[PDB]
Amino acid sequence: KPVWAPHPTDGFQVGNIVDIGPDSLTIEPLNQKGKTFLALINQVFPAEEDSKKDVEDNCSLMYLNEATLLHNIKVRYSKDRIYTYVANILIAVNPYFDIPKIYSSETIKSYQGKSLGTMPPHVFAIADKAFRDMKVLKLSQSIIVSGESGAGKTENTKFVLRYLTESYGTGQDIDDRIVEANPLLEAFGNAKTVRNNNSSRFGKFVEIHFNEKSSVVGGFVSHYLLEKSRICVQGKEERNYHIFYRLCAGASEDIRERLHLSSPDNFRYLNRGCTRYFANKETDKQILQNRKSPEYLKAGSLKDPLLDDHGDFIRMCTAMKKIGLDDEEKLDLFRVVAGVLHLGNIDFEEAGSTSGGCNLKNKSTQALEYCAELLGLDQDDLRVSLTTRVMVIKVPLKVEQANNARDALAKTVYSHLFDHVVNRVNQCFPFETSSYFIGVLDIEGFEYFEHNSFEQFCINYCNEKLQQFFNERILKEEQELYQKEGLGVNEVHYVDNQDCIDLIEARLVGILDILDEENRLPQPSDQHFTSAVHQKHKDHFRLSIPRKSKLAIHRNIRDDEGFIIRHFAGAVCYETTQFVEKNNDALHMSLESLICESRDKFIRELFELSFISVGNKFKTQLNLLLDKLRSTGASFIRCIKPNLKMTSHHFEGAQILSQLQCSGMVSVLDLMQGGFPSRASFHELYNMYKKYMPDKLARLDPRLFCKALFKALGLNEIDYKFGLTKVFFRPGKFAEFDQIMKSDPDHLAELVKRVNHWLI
């Protein structure tokens, strides 16, 4: 009798149906007699009879729907059970605090070789299933960790990496290098954003490579779309990359003196953002007084259960030593970081009777000196490169143009430093050859803000391509197998998004190719590019002018000042200002030759009509990644962010419900529950057992031996279904399936003995 009906903040609330009308049901909230509210018939769902219970797999619910799914994960979350299955897919709700012992070495060991379902749901079980599938099927695997910013993708990626290296490594230094590589990549690629104190400003695919004996041989890290705009400016609640703050907070006085460092408020590239450190009562006392900004002294430290700028500087230097970085290489990295900081302090003032030129402000003399010394440049060549343009003739730059040249040089040097760090991490765990890998995908999903630039365009483009892979693997390929096998599974359909992908990436006509054309034109213009997009895709349903928007913020945006992409995740209005600049990865020749000719070998090595397409470079990287995903077995982890406050024990029902819907988790519930995640051919099963069989068993047709096997073991018509050529096992039947598949001679002989006795 009790049902789930809508609730504005909880998603759903319990009640009883007390009336029915056209397109409505009248709901009486539980224990509130006389009180009633209306709900649309299709927004009312049956509830589980027992409101207090919780199930490890949502496929075990009597009524599986969005409301019972929400309730089950809610009850589990209130008891710190953050992991729940939907058959072989994992839901992980961010706890926002460290739950004791659930990632211990002892917990790691308890998951080794255990079938799904034998142990409570855990990220360790997803990782072990990927390893066992890799080892048995002799097929490389991918683990995809998805969700909103701050949902837990990066933490779960690291749990997977730690589980696999610790369980299936050797017990040597190399095993820890894959894990120890994290403080280093996160120092240069992560930063404080309003949604996550440890936001990943780059995407990654981390592969653990194995030999034929299924033992770790090395790793490989692929990195994508490092956010370049962050290097020079941030919003008042956000910070630049962690490294700048870890260095200012933690560097010894000797390093601080050598690098001419000071409190973060003294640097343009840090002082528009938050200048405070992540610290607690203890670590705040380890930070010297000359490192603390006036705002840190007035407002105190930033609070986080994971991040600590001083502690993280120490841990990063330890991780650098552990992976094979010599003290000289560590100092070379720090010198480049400081050089970029001092570069940003180079200020300009107008010059010329019509303000057509510029000069360095006399107060930027120290900054120019420190920058040139740290980057191995001559002060005058740097000054000239930042204030003039070569075209035979050296013409003056306007202040705005000198600011852009300094910033372009800063972004390129820093991005090249990040490429060097990722390459150096790959060099610390190399492998000449391998049989298979387990790859873990950690990339930011679909995003939209009041103002959307080239960064959002690239990540949302990425999302359109990844969403298609999810649809093709989870829905299309799965159901085609069910259909070919005559299983009669109710069909779940999707609308393909090839039209939106083609709009962005098609040869010659796609947005990326139109943008590259603009960059190659004699005088590139963001307005010329946007008009060319509109003029080319006038009849395209996924594209519109910003005036067509359902919001007042886009009303004043001109046709040549933006465009709307009608992504299936929602319409996104992109402002196309700086798209041409953001699409170019190559420095002007004057800045390139300046930095290529540095006195410093390390700087020269970072760089060992100038245009390189950011969009097409990314499209090529993404197609390489998609090739790997399509050629491997896939496992999925859906990370869920419980609230927008980074707090523990605060389950925002409607926010979580929205994630369950927008992720496609709700749409596949019936498919997952009525599906068959485990399968093997009658032929392969018969062939494995055949040498252990007496004549009475071998004389049976493969399909008939399988029926005899399953009957002898007490398996029932509920647990499995026979297809045309394969036997299929239901969700929650992984242990029974694994017992059927186990190829050990003693095991095979024993099950055959049981079949012989059963037949008598």
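Residue indices: 1-based, along the sequence shown.
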When you step from residue 608 to residue 609 in this entry, do you jump over none, 1 to 3, 4 to 9, or 10 or more residues of the deposited sequence that have no coordinates? 10 or more
Are residue 589 and residue 590 truly consecutive in the deposited sequence, or are residues between them missing coordinates? Give the number as none, 1 to 3, 4 to 9, or 10 or more. none
Mean temperature factor over C-alpha atoms, higher-scoring stretch between 228 to 236 and 534 to 542: 534 to 542
Can you tell me which stretch has the higher mean Cα B-factor, 449 to 457 or 150 to 158? 449 to 457
Note to self: of 520, 76, 465, 330, the C-alpha temperature factor tops out at 520
In the PDB entry, which of 142, 364, 290, 280 has its C-alpha at the highest B-factor? 364
Residue 117's Cα B-factor: lowest, middle or highest third of the chain? lowest
Among the modelled residues of its chain, the C-alpha B-factor of residue 313 falls in the third labelled lowest
Ranking every modelled residue in this chain by its Cα temperature factor as given in the entry, which third contains residue 408? lowest
Relative to the other modelled residues in the chain, which third contains the C-alpha temperature factor of residue 106: lowest, middle or highest? middle
For residue 65, does the deposited CA B-factor place it in the lowest, middle or highest third of the chain? middle
